[PDB]
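Enquirer: Next input, structure requested:
(chains A and B)
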Amino acid sequence: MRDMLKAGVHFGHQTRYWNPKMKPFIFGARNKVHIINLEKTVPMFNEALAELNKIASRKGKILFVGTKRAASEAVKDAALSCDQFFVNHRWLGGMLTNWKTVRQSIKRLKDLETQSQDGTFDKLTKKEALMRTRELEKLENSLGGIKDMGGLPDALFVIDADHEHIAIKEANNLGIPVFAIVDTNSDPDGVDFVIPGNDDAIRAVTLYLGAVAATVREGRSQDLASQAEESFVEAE
RNA sequence: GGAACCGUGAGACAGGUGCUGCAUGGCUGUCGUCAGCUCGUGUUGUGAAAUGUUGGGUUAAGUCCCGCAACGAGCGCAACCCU
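Expert: Residues are numbered from 1 along each chain as shown, chains lettered A, B, ... in the order given. Shown next is the protein structure:
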């Protein structure tokens, strides 16, 4: 299980771009950073983790959102260790509402690939061929992790409430739990299960994102394994 | 007996570029062949609607990025035909 006393990674962050709604989580600004209370972050871990093991052993799906280039690689690897979804690139309008039509783009993507591998690849003009290439690109860039979705999640996990504020909204009107590790620059009232921690910093996000993923595989139907996200922490 | 065309007598009936295209269909001219014109969804407004195509640098051009409540899509241009 997770470990306490993490005053060497997360802690305070951001200078003066905070939100008065995060006062009950700020220890005390010193020369710059406001500093977050590690004494309040721990209690949040328990409550947030508790609700996690509940949906984890309940065979519930989670969608880890991560558009920020600070945890772009961590959000994926963490979602790979387990059988969960994720959003790295950018978060279309009507993916869940107008699922049908949206999937039509997925089928076409699979239809073009089967035509790009070897079957009728260089039969028609090159101009038309270069037209099918761009389509594939645009489709592979947007429909990268949504291609595995064949049916409408139980909860979403964001890295930053503000950056992925759009994902938070659509997660509120639908009545779906929201888990995230944001800091000062945000509104906690928008997150039923918020984790007061550094939003940025790769070594900061990888820690929880790795522990949370480890707590998911355990108590479900798998054994614990070493985190491979630590290798990307060398970005420093 | 009787079909047909035709002529006279008799009966039932025809026609109109005569008016109105501010009653209209169709066709055509004109800004134009100039050119953009619109849709789905999200967001803003009580609403008619707005945003989407705002901002910074740039380009012949929404030409294209960066930031970005917007993200995408269908006619127009272009291409397809002919000298």
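
Enquirer: So which bits of chain A are right by RNA strand B?
Expert: A:92, A:93, A:94, A:97, A:98, A:142, A:166, A:169 (C-beta under 7 Å from any atom of the strand). For every residue, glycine as well, the C-beta is placed using N, CA and C.

Enquirer: any idea how far residue A:75 is from RNA strand B?
Expert: As judged by C-beta to the nearest atom of the strand, to the nearest Å, residue A:75 and RNA strand B stand 18 Å apart.

Enquirer: And for residue A:217?
Expert: 34 Å.

Enquirer: Repeat that for residue A:236.
Expert: 22 Å.

Enquirer: Repeat that for residue A:31.
Expert: 27 Å.

Enquirer: Over to residue A:198?
Expert: For residue A:198, the distance to RNA strand B - C-beta to the nearest atom of the strand - is 20 Å.

Enquirer: Could you let me know which of the residues of chain A next to RNA strand B ends up closest to residue A:10?
Expert: residue A:166 (24.9 Å; C-beta to C-beta).

Enquirer: so what's the closest one closest to, chain neighbours aside?
Expert: residue A:91 (5.9 Å; C-beta to C-beta, 6 or more residues apart in numbering).

Enquirer: re earlier: just the buried subset of the residues of chain A next to RNA strand B, written out for PyMOL, thanks.
Expert: Buried residues among these (16 or more other C-beta atoms under 10 Å), as a PyMOL selection:
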select buried, chain A and resi 142
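
Enquirer: And the residues of chain A next to RNA strand B, which two are furthest apart?
Expert: Farthest pair in the residues of chain A next to RNA strand B, by C-beta to C-beta: A:142 and A:169, 20.0 Å.

Enquirer: picking up where we left off before, got CSV for the residues of chain A next to RNA strand B, with secondary structure and distance to residue A:211 too?
Expert: Below are these laid out as CSV (DSSP: H, G, I helix; E, B strand; the rest coil; distance: C-beta to C-beta, whole Å):
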residue, secondary structure, distance to residue A:211
A:92, coil, 31
A:93, coil, 34
A:94, coil, 34
A:97, coil, 34
A:98, coil, 36
A:142, helix, 30
A:166, helix, 26
A:169, helix, 27
